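Below is the structure I would like to discuss, written out as structure tokens.
Just the heavy atoms: all of them, side chains too, but no hydrogens, waters or symmetry mates, feed the values below. Quick note: residue numbers are just sequence positions, from 1.
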Amino acid sequence: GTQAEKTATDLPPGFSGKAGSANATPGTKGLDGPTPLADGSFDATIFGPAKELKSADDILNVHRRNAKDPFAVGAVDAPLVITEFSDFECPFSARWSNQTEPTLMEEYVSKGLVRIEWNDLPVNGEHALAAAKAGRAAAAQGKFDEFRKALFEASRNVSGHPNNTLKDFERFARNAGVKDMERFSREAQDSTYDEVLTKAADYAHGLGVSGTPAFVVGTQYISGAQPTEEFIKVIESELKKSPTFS
Ligand SMILES: [Cl-]
């Protein structure tokens, strides 16, 4: 019986690589981006959970799975959602965007395994609030992800806060391909997004989330820009726990 081959043995997870993703069911819906409103713009007032959280057993409620959400990327039916709370002046938020997120896009989001949902948590004061307003103005025109990447790539060498102001946000919007710069510049400055930013902050504070970036990866809370390999290990563990979304 030595002249035969069997399938690979199962190994302890430290040697298993991608066992959660191997056995998970990819999502197939909402891979092509957010669903627009009737006029072709997007609902940049989306925030919050899918449903009120009352206890720890409600943790999955932080994931919206709202097809209209212009702050989300990846399948609306992905088996795993990453909920992120982030601040555009925060160098740890910048480092996650610049150094971890692209790997997660390549290995999980493009494959329908993971959806990533942004939530505002401005902690750094006036520039962070102004940046969040600009991000919502970009999202209204379907360019949140491109705006986020332009802004955070411009912070890649900054150990503190960039102290971005309106002309910086307008440049990032141009870089992102925002088509209506008059609407962008107006909404980046005026009261349009003041109410939702207050509600988004109050929602995060109600969960006790006070530091950026913060994540709920499936059922698991992660505080801070932990190493890419830690995010991969938690994603694989959470996909093993819950391989399929119905
Ligand atoms: Cl809640």
Side-chain angles (χ1 to χ4, degrees), residues 18 21 47 62-63 69-74 78 80-111 113-136 138-139 143-165 167-176 197 200-201 204-205 207-218 220-239:
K18 305 293 220 175
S21 38
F47 77 103
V62 299
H63 308 312
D69 183 356
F71 308 104
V73 65
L80 178 61
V81 183
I82 300 178
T83 283
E84 178 178 14
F85 293 90
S86 192
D87 171 302
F88 282 121
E89 287 280 314
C90 173
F92 303 108
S93 293
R95 199 176 70 211
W96 193 88
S97 184
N98 288 332
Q99 298 187 201
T100 299
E101 190 162 11
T103 293
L104 304 187
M105 289 296 301
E106 185 61 44
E107 298 187 359
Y108 296 101
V109 181
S110 297
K111 300 194 190 298
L113 292 168
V114 170
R115 176 181 180 88
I116 306 177
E117 298 185 348
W118 174 280
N119 295 258
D120 292 307
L121 179 46
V123 301
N124 283 314
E126 70 171 26
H127 297 270
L129 189 58
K133 181 178 286 189
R136 290 189 176 265
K143 298 299 182 180
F144 184 72
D145 196 65
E146 298 88 347
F147 175 88
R148 175 193 60 77
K149 289 193 293 190
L151 184 159
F152 281 142
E153 289 170 11
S155 293
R156 70 194 185 285
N157 293 317
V158 177
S159 295
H161 311 305
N163 297 295
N164 285 319
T165 64
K167 288 282 169 282
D168 302 303
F169 305 137
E170 289 171 340
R171 177 172 64 264
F172 305 143
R174 295 195 300 275
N175 296 334
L197 290 167
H205 295 157
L207 298 179
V209 180
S210 59
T212 56
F215 305 87
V216 178
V217 177
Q220 179 70 302
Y221 185 72
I222 303 177
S223 178
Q226 300 304 320
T228 300
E229 189 44 57
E230 185 59 20
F231 283 93
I232 290 170
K233 287 175 180 168
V234 173
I235 289 164
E236 289 292 329
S237 171
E238 292 293 310
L239 284 171

To check you understand the geometry: which heavy-atom pair defines the closest contact between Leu151 and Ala131, and what is its length?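 Here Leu151 and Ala131 meet closest at CD1-CB, 4.5 Å.
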Contact summary for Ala72 and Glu117, nearest pair of heavy atoms: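 Shortest heavy-atom contact: CB-CG, 4.0 Å.
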Start with the C-alpha gap between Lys18 and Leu113, add the side-chain angles, then the distance that decides, and say whether side chain to side chain contact (heavy atoms under 4.5 Å, CB included) holds. CA-CA 12 Å; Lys18 305 293 220 175; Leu113 292 168; over 6 Å; no
Under 30°, 30 to 60°, or over 60°: which ring-plane class applies to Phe169 and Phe147, parallel, tilted or perpendicular?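 Because their plane-to-plane angle lies in the 30° to 60° range, the rings of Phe169 and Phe147 count as tilted.
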When rounded to the nearest 0.5 angstrom, what distance separates CZ in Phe85 from OG1 in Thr212?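 Interatomic distance, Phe85 CZ to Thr212 OG1, rounded to 0.5 Å: 11.5 Å.
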By ring-ring contact (aromatic ring centres under 6.0 Å, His included) - contacts of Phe144 (at least two apart):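 In terms of ring-ring contact (aromatic ring centres under 6.0 Å, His included), with neighbours along the sequence ignored, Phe144 is linked to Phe71, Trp118.
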Looking only at heavy atoms, which two atoms of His161 and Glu89 are closest? And how far apart?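 Looking at all heavy atoms of both residues, the closest pair is ND1-O, 2.9 Å.
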Side chains of residues 121-130: which donor-acceptor partners sit under 3.5 Å, not counting sequence neighbours?
residue: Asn124; atom: ND2; partner: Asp87; partner atom: OD1; Å: 3.0
residue: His127; atom: ND1; partner: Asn164; partner atom: O; Å: 2.9

Roughly how far, to the nearest 0.5 Å, is CD of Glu236 from CD of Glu107?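 CD of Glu236 is found 8.5 Å from CD of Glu107.
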Under 3.5 Å, side chain of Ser223 to main-chain N/O of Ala214, donor-acceptor pair present?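 Not at all, since once roles are kept as given, no pair shorter than 3.5 Å links the two residues.
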Would you please name every residue forming a ring-ring contact (aromatic ring centres under 6.0 Å, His included) with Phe215, sequence neighbours left out?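 For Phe215, the residues satisfying ring-ring contact (aromatic ring centres under 6.0 Å, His included) (neighbours in sequence not counted) are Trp96, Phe231.
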By side chain to side chain donor-acceptor pair (under 3.5 Å), which residues pair with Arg171, not counting sequence neighbours?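 So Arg171 forms a side chain to side chain donor-acceptor pair (under 3.5 Å) with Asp168.
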Do you know which two heavy atoms are closest between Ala200 and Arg136, and how far apart they sit?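 Taking every non-hydrogen atom into account, CB-NH2, 4.3 Å.
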Inter-residue atom distance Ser237.OG - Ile232.CD1, 0.5 Å rounding: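 That separation rounds to 13.5 Å.
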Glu84 CD to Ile222 CD1 distance, which is reported to the nearest 0.5 Å: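 The distance works out to 11.0 Å.
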Pair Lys133-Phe88, side chain to side chain contact (heavy atoms under 4.5 Å, CB included): steps then yes or no: CA-CA 10 Å; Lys133 181 178 286 189; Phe88 282 121; over 6 Å; no
Where at least one partner belongs to residues 97-106, residue pairs that pass side chain to side chain donor-acceptor pair (under 3.5 Å), sequence neighbours excluded: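 Sorted result for residues 97-106: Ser97-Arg148, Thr100-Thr228, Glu101-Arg148.
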For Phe92, is the CZ atom crowded, meaning more than 12 foreign heavy atoms sit under 6.0 Å from it?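 12 or below, so no.
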Which heavy-atom pair separates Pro91 from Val158 by the least distance, and what is that distance?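 For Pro91 and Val158, the tightest heavy-atom pair comes out as CB-O, 3.9 Å.
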Pair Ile82-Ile235, side chain to side chain contact (heavy atoms under 4.5 Å, CB included): steps then yes or no: CA-CA 9 Å; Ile82 300 178; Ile235 289 164; 4.0 Å; yes
Kindly state each residue pair satisfying salt bridge (charged side-chain N to carboxylate O under 4.0 Å, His left out) with at least one member in residues 149-160, sequence neighbours excluded.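 Residue pairs with at least one partner in residues 149-160: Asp145-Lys149.
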Begin from the C-alpha positions of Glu170 and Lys167 and carry the test salt bridge (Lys or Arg N to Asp or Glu O under 4.0 Å) through to its verdict. CA-CA 5 Å; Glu170 289 171 340; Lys167 288 282 169 282; 2.9 Å; yes
Work out which heavy atom in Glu238 is nearest to a heavy atom in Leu80; give both atom names and the distance.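 Smallest interatomic distance, heavy atoms only, reads CB-CD1, 3.9 Å.
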